[PDB]
2 protein chains.
Amino acid sequence: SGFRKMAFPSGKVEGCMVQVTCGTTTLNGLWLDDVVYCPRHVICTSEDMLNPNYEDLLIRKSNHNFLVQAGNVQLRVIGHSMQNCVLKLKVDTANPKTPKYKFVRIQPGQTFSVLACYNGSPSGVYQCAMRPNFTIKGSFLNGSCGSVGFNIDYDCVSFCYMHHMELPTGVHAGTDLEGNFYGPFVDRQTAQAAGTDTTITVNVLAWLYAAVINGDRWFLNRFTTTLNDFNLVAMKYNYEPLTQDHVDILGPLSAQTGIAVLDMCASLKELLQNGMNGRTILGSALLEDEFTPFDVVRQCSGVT
Amino acid sequence: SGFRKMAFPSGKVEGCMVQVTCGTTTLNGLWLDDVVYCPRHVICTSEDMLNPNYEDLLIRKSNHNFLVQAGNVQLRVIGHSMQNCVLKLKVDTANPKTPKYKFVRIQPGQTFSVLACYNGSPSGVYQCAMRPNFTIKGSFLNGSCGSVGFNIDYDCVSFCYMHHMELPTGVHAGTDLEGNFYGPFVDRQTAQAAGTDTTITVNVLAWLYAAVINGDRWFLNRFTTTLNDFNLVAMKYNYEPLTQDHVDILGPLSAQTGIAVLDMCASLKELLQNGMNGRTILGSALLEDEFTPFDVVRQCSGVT
Ligand SMILES: O=C(Cc1cccc(Cl)c1)Nn1cnc2ccccc21
Ligand SMILES: O=C(Cc1cccc(Cl)c1)Nn1cnc2ccccc21
């Protein structure tokens with residue numbers, strides 16, 4: 001028993017982290033096979049970030065201008081190309097530590113592990129959720145650009161995120177591994193705001209199931225509700241509308257606990273309307289939305 | 001900016017995880033050099049755990065009874081010995097993936113990363129604190145025994161914890177890497193209770209400094225206090241007494257923010273007496289005590 005914000009073991013990703021330098025800018029790159037992926041803003045200076053013309057900026061750059069360092073050895077760059085907001089540097093050596101990998105674009109509300117890096121070196125790993133407004137509430141500093149987000153399925157690493165920027169609000173924005181930003185963000189030092197962020201309802205429900213599984217049952221009540229009545233309350237509290245697909249995905253947790261999804265919705269409804277009354281659930285005084293139903297099942301069943 | 005419960009990158013520890021089987025029991029082992037460390041309760045059956053005589057039980061065991069598997073290859077056991085509550089299995093092959101390592105006994109209130117494992121395979125990594133009552137509030141299931149806790153200093157892994165058992169209260173107990181339990185716990189299926197757990201005051205203060213550093217300043221007030229007045233409040237709220245050493249250790253954070261330690265204590269005093277009034281700090285509705293002043297400095301400075 002016990003329930004933690006658990007990240008995937010990061011070893012397979014650490015073996016791919018490299019340092020990429022261009023001019024005076026240093027950030028992190030992801031070395032998979034003979035290709036190094038990093039944010040294209042590596043070619044900019046502090047002046048260029050105001051309104052960069054990346055095609056024009058990249059044109060003033062040659063393979064020899066990009067310095068890729070893996071640990072303490074230099075990689076030879078034989079090709080360079082821009083794909084959306086990422087630079088793909090072709091190196092003459094394939095990464096001997098390349099794990100089985102896929103590039104995937106996650107959906108808002110899905111979770112992933114982040115290996116925060118500085119100078120191609122990993123410093124920490126944490127679990128994140130892609131917010132409905134496509135931002136991530138991560139922990140990043142200057143130099144963290146190129147740090148990646150991922151999921152692991154037995155031996156396969158699914159890369160889903162590359163860190164690019166911190167918005168003035170403190171939240172983080174980035175791209176998938178093809179360089180397409182999650183959300184409306186652009187890689188430019190201009191004031192950009194994320195939309196209204198909502199709470200991932202299906203994830204809060206999954207976490208309420210984890211709480212029941214772990215002995216915390218105080219919030220369970222003698223009431224029930226309908227999808228329509230529940231969603232009226234969800235809209236008032238800026239919670240994502242619950243669909244029948246969300247109910248379907250909660251099926252394994254509903255079967256494990258013997259608590260119907262709509263009965264759990266009625267508990268959530270009363271938690272929303274009445275608050276926690278100074279009590280906690282799984283050690284938290286607020287409703288946690290950063291565990292998907294898959295994460296709860298995985299953590300509570302022991303999927304290695 | 002941003003602040004997360006960040007764990008160390010776990011790669012160096014994954015390369016040491018092995019499966020150890022004895023009779024019908026399977027748990028995790030830690031393979032460093034030519035030695036495999038695992039809980040000694042691997043030699044017990046469900047009947048033996050009631051009141052085991054480990055010396056007598058180990059006597060009925062030979063090197064060939066302990067099956068050590070690293071990935072998919074079998075390790076040859078040439079020696080076996082019990083050191084307190086751990087078995088040390090001497091294998092004929094030194095782990096090629098052995099990182100630079102130390103065995104350390106952490107102090108209550110200190111933090112560490114846990115790589116939860118099942119069948120010698122890692123499934124997740126999370127950050128924990130050794131509670132003042134020597135328990136850890138981890139996330140463990142049956143099969144997790146032998147999972148280790150550690151800290152990393154550049155290239156050196158300091159192993160501090162090995163998981164042994166879950167108490168009936170749901171909290172977790174284990175040993176250092178010499179087999180000495182943290183706390184009064186014994187490796188026996190008998191009702192054992194942990195002491196009263198207090199809040200790690202110095203860690204809550206360090207987290208209040210992280211909150212100031214990250215823009216969350218609502219809780220800062222026009223008041224101050226003394227060590228004596230503050231500790232009167234700390235005792236009423238089951239908070240560890242704050243000593244001048246704790247104030248000294250908070251020095252870097254005090255210097256970074258320009259907020260004197262006793263001024264931060266006065267903010268904590270009012271948070272304790274008045275609650276959060278429905279507000280949050282760093283995304284939490286309660287006072288977080290699982291970040292030491294070192295963790296806050298590391299996370300907020302980017303130590304890789
Ligand atoms: O935000 C940037 C630089 C940048 C400016 C404008 C656009 C772009 Cl794409 C990049 N880097 N960055 C990422 N996370 C950080 C956290 C703290 C400070 C800087 C951090
Ligand atoms: O508690 C035990 C078995 C055991 C019984 C008595 C004493 C000893 Cl040393 C070990 N294993 N264990 C550890 N974490 C767990 C979590 C959920 C279930 C079982 C888990």
# chains A, B, ... in the order shown; residues from 1 in each chain; ligands from 1
>>> residues_near_ligand(ligand="ligand 2", cutoff="8 Å", atoms="only C-alpha atoms and all ligand atoms", output="list in words")
residues 1 of chain A; 39, 41, 49, 50, 139, 140, 141, 142, 143, 144, 145, 163, 164, 165, 166, 167, 170, 172, 173, 174, 186, 187, 188, 189 and 190 of chain B
>>> write_last_selection(atoms="C-alpha atoms", output="mmCIF file, in the first residue's frame")
data_model
loop_
_atom_site.group_PDB
_atom_site.id
_atom_site.type_symbol
_atom_site.label_atom_id
_atom_site.label_comp_id
_atom_site.auth_asym_id
_atom_site.auth_seq_id
_atom_site.Cartn_x
_atom_site.Cartn_y
_atom_site.Cartn_z
ATOM 1 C CA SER A 1 0.000 0.000 0.000
ATOM 2 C CA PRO B 39 16.503 -8.883 3.054
ATOM 3 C CA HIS B 41 13.465 -12.774 5.211
ATOM 4 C CA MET B 49 7.579 -15.158 9.418
ATOM 5 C CA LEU B 50 5.441 -15.551 12.570
ATOM 6 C CA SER B 139 4.472 3.103 -2.285
ATOM 7 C CA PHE B 140 5.218 -0.592 -2.048
ATOM 8 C CA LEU B 141 3.484 -3.856 -2.862
ATOM 9 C CA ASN B 142 4.230 -7.578 -2.158
ATOM 10 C CA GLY B 143 7.474 -8.404 -4.023
ATOM 11 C CA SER B 144 8.996 -4.918 -3.439
ATOM 12 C CA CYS B 145 11.314 -6.189 -0.657
ATOM 13 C CA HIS B 163 12.849 -2.061 2.032
ATOM 14 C CA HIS B 164 11.828 -4.936 4.316
ATOM 15 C CA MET B 165 8.218 -4.600 5.456
ATOM 16 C CA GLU B 166 4.928 -2.819 5.547
ATOM 17 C CA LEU B 167 3.493 -2.273 9.012
ATOM 18 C CA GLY B 170 0.397 0.986 5.863
ATOM 19 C CA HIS B 172 7.088 1.140 5.533
ATOM 20 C CA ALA B 173 10.071 -0.105 7.491
ATOM 21 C CA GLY B 174 13.475 -1.187 6.412
ATOM 22 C CA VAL B 186 12.126 -6.309 13.764
ATOM 23 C CA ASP B 187 11.717 -8.494 10.631
ATOM 24 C CA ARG B 188 8.891 -10.599 12.038
ATOM 25 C CA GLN B 189 5.110 -10.843 11.287
ATOM 26 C CA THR B 190 4.128 -9.406 14.635
#
>>> interface_residues(of="chain A", to="chain B", cutoff="7 Å", atoms="only C-alpha atoms", output="list in words")
residues 1, 2, 3, 4, 5, 6, 7, 8, 9, 10, 11, 118, 121, 122, 123, 124, 125, 126, 137, 138, 139, 140, 141, 170, 285, 286, 302, 303 and 304 of chain A
>>> write_last_selection(atoms="C-alpha atoms", output="mmCIF file, in the first residue's frame")
data_model
loop_
_atom_site.group_PDB
_atom_site.id
_atom_site.type_symbol
_atom_site.label_atom_id
_atom_site.label_comp_id
_atom_site.auth_asym_id
_atom_site.auth_seq_id
_atom_site.Cartn_x
_atom_site.Cartn_y
_atom_site.Cartn_z
ATOM 1 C CA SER A 1 0.000 0.000 0.000
ATOM 2 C CA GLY A 2 0.905 3.727 -0.157
ATOM 3 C CA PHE A 3 0.556 6.084 -3.135
ATOM 4 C CA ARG A 4 3.259 8.320 -4.566
ATOM 5 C CA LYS A 5 3.740 10.581 -7.616
ATOM 6 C CA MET A 6 5.928 7.946 -9.186
ATOM 7 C CA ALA A 7 8.107 8.520 -12.194
ATOM 8 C CA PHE A 8 9.389 5.805 -14.572
ATOM 9 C CA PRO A 9 12.985 4.606 -13.963
ATOM 10 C CA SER A 10 15.021 7.091 -16.027
ATOM 11 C CA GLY A 11 18.111 5.027 -16.971
ATOM 12 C CA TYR A 118 21.622 20.796 -17.438
ATOM 13 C CA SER A 121 23.643 15.875 -17.424
ATOM 14 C CA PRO A 122 20.516 14.590 -15.645
ATOM 15 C CA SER A 123 19.768 16.081 -12.229
ATOM 16 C CA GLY A 124 16.282 14.810 -11.410
ATOM 17 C CA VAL A 125 13.192 12.917 -12.436
ATOM 18 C CA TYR A 126 9.559 13.765 -11.685
ATOM 19 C CA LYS A 137 3.718 22.542 -14.208
ATOM 20 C CA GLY A 138 7.310 21.323 -14.114
ATOM 21 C CA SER A 139 10.455 22.294 -12.268
ATOM 22 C CA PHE A 140 12.862 23.849 -14.729
ATOM 23 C CA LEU A 141 15.673 26.382 -14.674
ATOM 24 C CA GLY A 170 5.964 30.222 -14.380
ATOM 25 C CA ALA A 285 -5.406 18.388 1.300
ATOM 26 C CA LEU A 286 -6.587 18.996 -2.308
ATOM 27 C CA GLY A 302 3.148 -3.549 -9.734
ATOM 28 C CA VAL A 303 3.755 -3.327 -13.499
ATOM 29 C CA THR A 304 7.559 -3.302 -14.000
#
>>> residues_around(residues="range 218-222 of chain B", least_positions_apart="6", cutoff="8 Å", atoms="only C-alpha atoms", output="number ranges by chain")
B: 264, 266-267, 271
>>> closest_residue(among="B:226, B:180, B:51, B:158", to="residue 243 in chain B", atoms="only C-alpha atoms")
B:226
>>> closest_residue(among="B:258, B:168, B:195, B:179", to="residue 209 in chain B", atoms="only C-alpha atoms")
B:258
>>> select_by_dssp(residues="range 42-268 of chain B", states="helix (DSSP H, G or I)", output="ChimeraX atom specification")
/B:42-43,48-50,54-59,63-65,201-213,227-236,244-249,251-257,261-268
>>> select_by_dssp(residues="range 108-142 of chain B", states="strand (DSSP E)", output="JSON, numbers by chain")
{"B": [111, 112, 113, 114, 115, 116, 117, 118, 121, 122, 123, 124, 125, 126, 127, 128, 129]}
>>> write_last_selection(atoms="C-alpha atoms", output="short mmCIF file (atom, residue, chain, number, x, y, z; two decimals), in the first residue's frame")
data_model
loop_
_atom_site.label_atom_id
_atom_site.label_comp_id
_atom_site.auth_asym_id
_atom_site.auth_seq_id
_atom_site.Cartn_x
_atom_site.Cartn_y
_atom_site.Cartn_z
CA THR B 111 15.36 12.56 2.12
CA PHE B 112 16.22 9.97 -0.53
CA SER B 113 15.03 8.48 -3.79
CA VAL B 114 13.41 5.03 -3.95
CA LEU B 115 13.59 2.74 -6.97
CA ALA B 116 10.64 0.38 -6.39
CA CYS B 117 11.34 -3.05 -7.94
CA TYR B 118 9.48 -6.37 -8.51
CA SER B 121 12.92 -5.16 -12.38
CA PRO B 122 12.47 -1.44 -11.63
CA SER B 123 8.95 -0.04 -12.05
CA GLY B 124 9.17 3.45 -10.56
CA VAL B 125 11.15 6.09 -8.76
CA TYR B 126 9.94 8.53 -6.10
CA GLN B 127 11.36 10.90 -3.48
CA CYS B 128 10.82 10.00 0.23
CA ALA B 129 11.85 11.30 3.64
#
>>> residues_around(residues="residue 31 in chain A", least_positions_apart="3", cutoff="6 Å", atoms="only C-alpha atoms", output="ChimeraX atom specification")
/A:16,35-36
>>> write_last_selection(atoms="C-alpha atoms", output="compact mmCIF listing (two decimals), in the first residue's frame")
# COMPACT_ATOMS: atom_id res chain seq x y z
CA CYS A 16 20.47 9.48 -24.52
CA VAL A 35 20.39 11.75 -34.67
CA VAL A 36 20.49 14.42 -31.94
>>> residues_around(residues="range 64-76 of chain B", least_positions_apart="5", cutoff="8 Å", atoms="only C-alpha atoms", output="NGL selection string")
:B and (17-23 or 91-93 or 120-121)
>>> atom_distance(atom1="CA of residue 181 in chain B", atom2="CA of residue 244 in chain B")
28.9 Å
>>> residues_around(residues="residue 81 in chain B", least_positions_apart="3", cutoff="10 Å", atoms="only C-alpha atoms", output="PyMOL selection string")
chain B and resi 37+40+58+63+84+86-90
>>> write_last_selection(atoms="C-alpha atoms", output="compact mmCIF listing (two decimals), in the first residue's frame")
# COMPACT_ATOMS: atom_id res chain seq x y z
CA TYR B 37 22.45 -7.68 -0.73
CA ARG B 40 17.24 -12.02 5.09
CA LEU B 58 19.91 -19.98 7.21
CA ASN B 63 24.96 -21.37 -1.75
CA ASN B 84 22.07 -8.15 10.88
CA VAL B 86 20.52 -8.59 5.25
CA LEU B 87 21.92 -11.56 3.40
CA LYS B 88 25.16 -11.00 1.55
CA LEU B 89 25.50 -13.46 -1.31
CA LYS B 90 29.00 -13.61 -2.75
>>> atom_distance(atom1="CA of residue 48 in chain A", atom2="CA of residue 194 in chain A")
22.9 Å
